[PDB]
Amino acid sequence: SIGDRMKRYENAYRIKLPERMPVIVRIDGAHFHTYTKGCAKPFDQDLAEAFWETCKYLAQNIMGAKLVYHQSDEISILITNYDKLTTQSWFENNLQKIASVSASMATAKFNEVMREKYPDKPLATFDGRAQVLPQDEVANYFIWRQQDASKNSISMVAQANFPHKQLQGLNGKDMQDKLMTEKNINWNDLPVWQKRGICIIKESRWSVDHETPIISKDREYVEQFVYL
């Protein structure tokens, strides 16, 4: 049967993630150097709030979603499927389905919210990737993402205040000190989301936590959704 051959051709890449373990989905903006060209540098409040609305929308429509992290143009989602013995998985842990629909959901909401304040902004697109993590690595994943957040934060602030040559090639600590003595800018005084991104947590409703801690010194902020 032709339908039977095609079904096998399709099933050859019908990958499913193993169940009963943490699933991480990351959604990233495509060509967001071009897309955010024109936005307020180094940090656009309107753009960030559009991401946060997307994070909420994501957390609301994803089965098993427990925690959403945002920084720059990326969105990380922690998904668990082992709350109960009879807990089901989003799309039955189908890899291509989890990744594509997440990117779809993000795309739909982000473009809607952005074009409310910017009706002539070009279309925004996103990619999506899913994976699994052991329980003792979930907190580490977000710690990894927060460290990348701080590294990019400092660079973005130093880029919007100095020519490229000056920064080359300068450490994070250097650009931080140069921001202080030369521009009266104390990086530490910036709001949390600009320094290390923020998390969206269910409080029920999904809301932004502007007091999102440094996860490396408060791992339970993440692990409370990991070990149940």
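Throughout, we count residues from 1 along the sequence that is shown.
Subject >> Between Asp189 and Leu190 - deposited residues without coordinates, as a size class >> reply: The entry leaves nothing out here.
Original post:
Can you tell me which stretch has the higher mean Cα B-factor, 78-86 or 140-148?
Top reply: Mean C-alpha B-factor is greater for 78-86.
**OP:** Report the stretch with the higher mean CA temperature factor, choosing between 216-224 and 6-14 on the basis of the entry.
**Re:** It is 216-224 that shows the higher mean C-alpha B-factor.
Original post:
Which one of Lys202, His31, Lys56, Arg26 shows the biggest C-alpha B-factor in the PDB entry?
Top reply: Across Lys202, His31, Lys56, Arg26, the entry lists the biggest C-alpha B-factor for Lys202.
**OP:** By the entry's C-alpha temperature factors, tell me which of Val68, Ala50, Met180, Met63 sits highest.
**Re:** Going by the entry's C-alpha B-factors, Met180 comes out highest.
Subject >> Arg115 - which third its CA temperature factor falls in, relative to the rest of the chain >> reply: Highest third.
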